[PDB]
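> Quick one: the structure is below, questions incoming.
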Amino acid sequence: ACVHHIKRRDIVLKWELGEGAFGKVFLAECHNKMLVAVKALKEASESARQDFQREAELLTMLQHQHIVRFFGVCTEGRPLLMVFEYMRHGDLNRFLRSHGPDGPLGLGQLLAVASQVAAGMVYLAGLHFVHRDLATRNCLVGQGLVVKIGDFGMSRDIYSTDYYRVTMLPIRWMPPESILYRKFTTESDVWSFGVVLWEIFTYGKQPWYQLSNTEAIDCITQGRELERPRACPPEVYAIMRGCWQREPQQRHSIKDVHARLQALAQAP
Amino acid sequence: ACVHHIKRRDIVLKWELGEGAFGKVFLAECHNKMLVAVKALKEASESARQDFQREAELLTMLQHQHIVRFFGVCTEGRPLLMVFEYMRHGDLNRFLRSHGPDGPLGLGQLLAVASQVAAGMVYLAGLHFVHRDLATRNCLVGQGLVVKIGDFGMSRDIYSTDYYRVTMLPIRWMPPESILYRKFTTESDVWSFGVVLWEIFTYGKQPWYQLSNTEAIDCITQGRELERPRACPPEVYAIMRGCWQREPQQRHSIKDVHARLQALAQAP
Amino acid sequence: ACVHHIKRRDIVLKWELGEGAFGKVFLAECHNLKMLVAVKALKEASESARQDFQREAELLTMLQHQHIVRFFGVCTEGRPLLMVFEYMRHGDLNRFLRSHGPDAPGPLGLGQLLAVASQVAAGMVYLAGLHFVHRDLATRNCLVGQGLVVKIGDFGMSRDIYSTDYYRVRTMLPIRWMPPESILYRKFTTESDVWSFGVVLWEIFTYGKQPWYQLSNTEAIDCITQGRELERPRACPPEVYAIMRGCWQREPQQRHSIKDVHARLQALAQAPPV
Amino acid sequence: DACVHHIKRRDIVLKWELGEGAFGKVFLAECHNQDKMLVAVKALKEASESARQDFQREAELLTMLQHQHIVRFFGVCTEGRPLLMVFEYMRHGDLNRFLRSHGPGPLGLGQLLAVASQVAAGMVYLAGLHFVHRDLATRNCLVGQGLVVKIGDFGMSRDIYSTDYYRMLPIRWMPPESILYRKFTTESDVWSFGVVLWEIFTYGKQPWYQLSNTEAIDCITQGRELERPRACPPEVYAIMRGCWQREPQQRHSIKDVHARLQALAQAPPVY
Amino acid sequence: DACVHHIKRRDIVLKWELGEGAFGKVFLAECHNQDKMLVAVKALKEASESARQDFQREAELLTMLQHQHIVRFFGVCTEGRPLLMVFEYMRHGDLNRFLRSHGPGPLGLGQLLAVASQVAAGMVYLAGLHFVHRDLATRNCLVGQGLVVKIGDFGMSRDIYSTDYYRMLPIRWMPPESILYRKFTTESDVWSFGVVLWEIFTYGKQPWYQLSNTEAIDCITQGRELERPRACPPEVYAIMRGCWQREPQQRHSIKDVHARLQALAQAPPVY
Amino acid sequence: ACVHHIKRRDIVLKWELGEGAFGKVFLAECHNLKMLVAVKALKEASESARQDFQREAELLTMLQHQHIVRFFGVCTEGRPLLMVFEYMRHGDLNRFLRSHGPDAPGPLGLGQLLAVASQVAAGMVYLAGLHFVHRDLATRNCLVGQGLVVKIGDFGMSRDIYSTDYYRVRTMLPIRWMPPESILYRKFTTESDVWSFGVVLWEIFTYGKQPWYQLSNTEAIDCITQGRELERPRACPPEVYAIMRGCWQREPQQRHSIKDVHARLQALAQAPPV
Ligand SMILES: O=C(Nc1ccc(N2CCOCC2)cc1N1CCOCC1)c1cccc(Oc2ccccc2)c1
Ligand SMILES: O=C(Nc1ccc(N2CCOCC2)cc1N1CCOCC1)c1cccc(Oc2ccccc2)c1
Ligand SMILES: O=C(Nc1ccc(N2CCOCC2)cc1N1CCOCC1)c1cccc(Oc2ccccc2)c1
Ligand SMILES: O=C(Nc1ccc(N2CCOCC2)cc1N1CCOCC1)c1cccc(Oc2ccccc2)c1
Ligand SMILES: O=C(Nc1ccc(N2CCOCC2)cc1N1CCOCC1)c1cccc(Oc2ccccc2)c1
Ligand SMILES: O=C(Nc1ccc(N2CCOCC2)cc1N1CCOCC1)c1cccc(Oc2ccccc2)c1
Ligand SMILES: [Zn+2]
Ligand SMILES: [Zn+2]
Ligand SMILES: [Zn+2]
Ligand SMILES: [Zn+2]
Ligand SMILES: [Zn+2]
Ligand SMILES: [Zn+2]
């Protein structure tokens, strides 16, 4: 079997970690004994099943120190199962909110986070693979402050106001061309990584929380940047400015963002 | 047969009136002897055939003095045929360009045009039917300066620069919410009718012709209106301002636009 | 041929009268059968929905009454599916009671309020006689025409338009109009519909207020299941209120028959006023 | 479908029927492949297509569940008729029939708490998984050797324990919001666990036994709680009353309830 | 498919074969339902599924065409084998075989212009419809009573008039852009009409008859025009040279060409 | 089993090497068979495309040569379809000739230019011997690895990436690389490919310029069909140019055999320089 198939029998559900409109996710033990995360899709129309096959067909091939690991799939009945490594501390947005002045985190730790996500994004960009909804909700955090990108899931249900109706679009993380022209690239993803870099250094506020979805857009579009955070070096806020270039071409490569971050994270 | 079926044999092609990527349109004579327009779709995948059935199923029911008349359809082989009344003077955008200082038209005639399109739009709005691409290219002109709305056709091919890639969207005719939020209503159609009213009173210039598709958007969005035309009364340019309200709710009803226009067109 | 089929081409839409997740409804012209009608058009149209739609035409093509909205035919020849009905110019009785109440002419007479209730009761006697059970009787679901002719305007898309009248479970149930056995047990009978009629009679005499409008759906239930009966409206004579009570007995067996309800409302209708 | 665990029919020997219903029979049987051992076999002879899909659905789910206090499921066979589901055999049967047997020798407070704790444990697992049981009662629990108690999820209880429903919903096990608004949550289950607790400490009485199905509903909704059993310490009645808050939100977690019950079980109070 | 016009096989009587090919035979036949009249019947016995769809395609198209100077098409039958297409019978056959017959009694200048005009008229209709013929020659035109000439669109010319192709493209009827860039437009047709004109005024010579298929191509592309026929007035040679501009865009419309030819036909020049 | 199948799970993508309407191409890791490869992935994948893709695997699974890019297997187990090949680190010979020409190290030696031409000719002898006809020989369609190993890197998505090298008809044909009979008649043979090779030899000796780069596609045709032969490059000794002429004879029969072309290029390769 070309894609990796895990047998249902080799899985034991332990508890629920998260819920959506299509999916649930559980902690479970896998035999052949280790813990894992299981995306159970119970809303299983053939359109949705095929989508789920296509998704597994892709993830089977991806592999990076900062892409949440995919162990495999079982379309042997219902619900449809996708199996990943368990990330013990969850999604980064809830993690930042935990571990912030509501002690906080060492500026080296905030830099290691940023760094570790940038790595993951360096992998996707060399693949010319566009993510289209990067955010701290869509990254995961494991033992030993390991961070990785936990692709999508059902974040649109969970973190509801972050998106907006039309489709549900993460407008607070999107550059203007993605908004206006609807173009999604590598360059729009960098932009979103600038917004991520903000999230990390605000210990996980919603971008423009003060503002609502329809006025949020008039801000992003009218070219107003986001404020430098208290916890934020101007060096770092330079990196953000370098992500936010109005013009996609004049924005930095995620490769260079990744180098500056990894340089700072060692030697702040 | 519930939809009106015309027999191929009862049609004789005379010449080609227009061309696209999906369709052609011909002048032909219909027996049971009169002239007509025939949309011949030769690109006939089942997805496209079904779409074409759905379209005929709808038009069979619509009927208005300012909606180009639909005589019927034949899916009896290939190419798929839709039959309409022949409009002798074509699309209004080419018509305005003909009959303008490149004599021109009596301000009563420019008002009769505007008026006659507004009627057509009054019919669609009471049906809560949203057109989504109104323009002078998408209206037609017959003997005795009769104007009607000639729904779509293949205008995206013919009048190419009027749209923009993503889908092809008539950005120069769209309000900001249609642009930004992607919402299309009755209220966005009125807005587009304001732009139409402009086209008529510029004898058919492209909105923001000076400007290109990506800067055109920064204009519409930043709330800059279009200049009052030379040939244009301020009364009329009041009607346009009343279509262009940033806020869809504060825009006029097409019913009221239609009354003011019909009032002026009698008594300028 | 068995069910009557209208041709699409014999239809000209004029405009929209009403809107729903499942259906829209237009005023149209109908050629042959020129005369006006209302067309229910369903652009939903799976096959489960396409079947239900044929099933309903198969039923409605056999019903006929002075006070059941008249059904002319159906066309399943493509999309959207079409069901053609008589046009009732003044629409749904709820919006009509609200239009024409203390909120000239002025508010309906008592005699007109009675004439309205008699005509609904009339429609409902026909259904009970077929041992047919409506399950959602309400003024929103009766229609009103020229010179105050009133008829039962069946389903449509009531759960979308008058959304706060229903409560969730994923069934949406007209809790405010339902007796205890229909809430608790989900037993819907002719006797549950008589209950609902009582609630309609209240709507009528309050120019179309939501029953227990001051209560949420959950405390609305509490009040109903506990026994609490709605207040006599300011407009409601005590003969009429007795009717409502008649319909609101807790034991289904003990409730009045729509046939009796209907003769008393007709009697009162004809009787001179105070 | 090597994925769910398949048992071969040939590796079963039916010994005798334990129980009977409208959709199932259950038999004690011997399973080859531990060369031999006893199991209980759910056999469905109804067996439409609609009913065979639900049976392969239920088994696909049960395959993944595992807990000291959820009836162990060994596997399934849909190679022909009847459809088989194989579970561990629990020697003493349903906890209701066990409680009537072992009550006025009667069971020690320590034992009744073990029983309550063991059920509660099973309910912690289901709540963990945000999985609603909807029909938790002593009759839907089974009892093994060494007073092991587990939850016995599917079967034909509505046929056997007929009067405990009304037409069919276990109204005596149900809170006002389940009865009135048809709402089932981990909160409505806790309510039912409250009643289960009552059942244990009454050695298996039907709640409101003295009232009919209609007037039962009336007391539930009107606010009226069940009476403190003779056998029930006031600490344990606190636990019952915690589960019986009218406001779902104000009702204890199963996780606390289980933690108290497990503590008391190992270190009971005087009474 | 009441839509295209169907002829019943029973209402046909085959009289004799006129012609023969790899995909067709054509017969003269009598059509009942004008109780009786002659027609030509294209009969295809090849008749794959691929080839039956193209035949119902071609007929669906021909049904809609109508012109004084396009071979009239009466209808079709795909009720079995062979597949039938029915056309008006044109008594004198292809205009090439007619031109060789009627040349050195020879035809009047007035008549040759009528011929050129009548073909041109047919080509105006196709250009009107933005419809490219791709293989316009005297052999693909037919001639009726009273020197009526029309275009005889489909058939088996490549089989009969074999040498006029190369392996198969009518390179002697084709402009440099058709040969070199495989481009067919109403412009490349006009080019071919130019050659057709040559053919008329040479009483049916093959263009470059004296050259082989390879070296023909070489003269076409190198720029070299065909010679003014003896029978061809300089006004008419102007028309030929107009159609032979190397630049498609600089080549006359068929509509002008037709207008001149029709004028000259009614009012010829001296020669 | 017949054709070799690689498992998807035995693939880790590392990054993208190239892109097209039909295909992308990644550098990957391949486990078992750890070693590097190039994976052709087609996300197009109708069935006409899915079949062509199986047909090509069925052919490529039988070819094997020192100078035909090595084919490891294919997986049709889902989307996207996968074809696994040896990784050639320095990519397509055209981009490589342009990299490493007058536009240190410095521009390739004559000996290296000859070593490159010999290796292509070598690959092309194998195809002619199978009487297989490439139809699009060009430096864009040969691949270059570690220490100047060169191989024929078949199709891919050449018509998208090197789009101006082709001309329309809706077929896209490498007009600049085609002899008269292939332009005019569309006759593609071993003899047409030898022609193309001559054009490759010119590309090689011009560090990868487009033939007739100063002419449009239509006047490029004129010049070819008229007889006009490309200029001797500044880098090209007259022995080598004689080779090109050898390949550019107008009569296919009169042209040299790739086998001869290949022995002369190998001879020159070994010969000491001036
Ligand atoms: O390991 C995963 N996720 C996880 C692990 C642990 C936890 N809790 C541990 C205890 O304290 C609270 C957090 C929560 C999550 N989730 C649930 C899914 O929503 C993203 C947060 C995981 C692994 C692979 C895929 C996966 O699916 C996703 C990924 C991102 C966003 C949504 C779903 C989740
Ligand atoms: O009557 C129709 N259209 C027409 C009539 C006449 C003419 N010419 C007459 C001679 O001087 C030039 C103009 C041109 C058109 N067209 C072609 C299609 O593009 C819209 C202009 C007609 C009728 C029904 C449907 C229809 O399809 C449309 C409608 C709008 C836009 C595009 C196609 C066209
Ligand atoms: O004729 C019908 N109905 C009508 C007539 C008129 C009007 N407006 C008149 C102007 O002031 C506002 C109301 C509204 C309706 N509707 C809309 C759909 O909601 C039922 C009321 C009609 C006739 C037969 C069937 C039918 O479908 C229904 C009926 C009731 C409820 C839902 C659908 C509607
Ligand atoms: O082992 C099982 N159950 C059992 C064991 C033993 C006995 N007897 C022991 C000796 O004195 C007489 C009773 C009775 C049962 N039943 C039969 C079905 O009614 C549930 C009690 C068993 C194991 C797994 C699943 C299963 O299916 C159920 C579970 C609950 C309710 C109904 C069926 C039964
Ligand atoms: O009536 C038709 N054609 C005809 C009439 C008569 C004659 N003879 C008349 C007496 O001296 C001998 C020749 C020959 C033809 N053919 C046969 C097929 O080769 C095209 C000339 C005719 C009518 C309609 C369609 C049709 O099919 C074609 C048309 C052009 C070329 C080939 C077939 C033929
Ligand atoms: O290994 C292969 N190819 C490669 C290796 C490396 C590189 N880059 C290295 C860094 O500097 C830029 C070039 C590029 C390619 N490509 C991309 C696809 O276009 C063929 C060149 C390869 C191996 C086998 C088959 C294959 O598919 C082809 C080959 C040629 C043309 C099209 C597809 C590619
Ligand atoms: Zn499986
Ligand atoms: Zn037809
Ligand atoms: Zn119909
Ligand atoms: Zn089996
Ligand atoms: Zn026939
Ligand atoms: Zn595979």
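Protein chains in written order, with the authors' numbering: chain A, 500 to 531, 538 to 607, 620 to 683, 687 to 788; chain A', 500 to 531, 538 to 607, 620 to 683, 687 to 788; chain C, 500 to 532, 538 to 607, 618 to 683, 686 to 790; chain B, 499 to 531, 536 to 606, 620 to 682, 688 to 791; chain B', 499 to 531, 536 to 606, 620 to 682, 688 to 791; chain C', 500 to 532, 538 to 607, 618 to 683, 686 to 790. A prime marks a further copy of an entry chain. No residue lacks a Cβ here, since even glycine has one placed at the ideal position from N, Cα and C.
Anything in the region 724-736 of chain B with a Cβ closer than 8 Å to a Cβ of chain C? List those residues in chain order, please.
none
> Where in the region 643-681 of chain C' do unbroken runs of the alpha helix (DSSP H), each at least 4 residues long, occur, reported from the N-terminal end onward?
672-675
> Measuring only between beta-carbons, confirm whether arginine 702/A' sits less than 7 Å from chain A.
By this cut-off, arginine 702/A' is an interface position.
> Can you name, in chain order, every residue of its own chain whose Cβ lies under 8 Å from the Cβ of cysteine 529/B, other than the five neighbours on each side?
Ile505, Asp509, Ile510, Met539, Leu540, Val541, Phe576 and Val588
> Just the C-alpha distance for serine 677/B' and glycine 659/A', rounded to the nearest angstrom, thanks.
When rounded, the distance between both Cα atoms is 51 Å.
> Take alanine 636/C' and list the residues in its own chain whose beta-carbon comes closer than 7 Å to its own, dropping the five residues that flank it on each side.
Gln570, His571 and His778
> Is there contact between the region 623-635 of chain C and the region 662-678 of chain C, where contact requires at least three CB pairs shorter than 8 Å?
yes
> If I measure Cβ to Cβ from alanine 751/B and keep anything under 6 Å in the same chain, skipping five residues before and after, which residues do I get?
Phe721
> Please classify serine 698/C as buried or exposed, where buried requires at least 16 other C-beta atoms within 10 Å of its C-beta.
With 16 or more neighbouring CB atoms inside 10 Å of its own CB, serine 698/C falls in the buried class.
> Around the C-beta of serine 708/A, are 16 or more other C-beta atoms found within 10 angstroms, so that it is buried, or is it exposed?
buried
> Nearer than 6 Å: is that true of the beta carbon of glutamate 767/B' relative to any heavy atom of ligand 11?
no
> Would you please verify whether the beta carbon of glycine 643/B is less than 7 Å from any beta carbon of chain A?
Answer yes: the Cβ-Cβ gap between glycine 643/B and chain A drops below 7 Å somewhere.
> With a threshold of 6 Å, establish whether the CB of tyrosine 591/B neighbours any heavy atom of ligand 4.
yes
> May I ask you to check if the CB of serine 603/A' is nearer than 6 Å to at least one heavy atom of ligand 2?
no
> What number of angstroms, rounded off, separates the C-alpha of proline 788/B from the C-alpha of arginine 780/B?
10 Å
> Is there a Cβ from chain B' that is less than 7 Å from the Cβ of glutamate 755/A'?
no
> Could you work out which residues of chain B lie near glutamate 581/A, taking near to mean beta carbons separated by less than 9 Å?
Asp499, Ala500, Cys501, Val502 and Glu562
> Give every residue of the same chain whose Cβ lies closer than 6 Å to the Cβ of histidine 503/B, excluding the five residues on either side of it in the sequence, and list them in chain order.
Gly577
> State the start and end residues of the unbroken beta strand (DSSP E) segment that holds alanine 545/B.
538-546
> From the DSSP output, read off the bridge partner residues of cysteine 752/A.
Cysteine 752/A pairs with nothing; no bridge assigned.
> Thinking just about the alpha-carbon of each residue, which of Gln568/A', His604/A' and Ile675/A' is nearest to the one in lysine 523/A'?
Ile675/A'
> In chain order, what are the residues with a CB under 5 Å from some non-hydrogen atom of ligand 7?
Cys579/A, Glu581/A and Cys501/B
> Under a three-way DSSP split, which group does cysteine 501/A' fall into?
coil
> Extract the residue ranges of the alpha helix (DSSP H) inside the region 542-579 of chain C', only unbroken runs of 4 or more that lie entirely within it.
552-564
> I believe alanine 520/C' touches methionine 688/C' by the beta-carbon criterion, under 8 Å. Please report the beta-carbon distance rounded to the nearest angstrom.
With 8 Å as the limit, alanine 520/C' and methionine 688/C' do not qualify as a contact, their Cβ atoms being about 11 Å apart.
> List, in order along the chain, the chain B' residues whose C-beta lies closer than 8 Å to that of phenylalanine 525/A'?
Residues of chain B' passing the Cβ test: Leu644.
> If we ignore side chains and look at the alpha-carbon of each, how far apart do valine 543/B' and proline 584/B' end up?
11 Å
> How about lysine 506/A': is its C-beta nearer than 7 Å to some C-beta of chain B'?
yes
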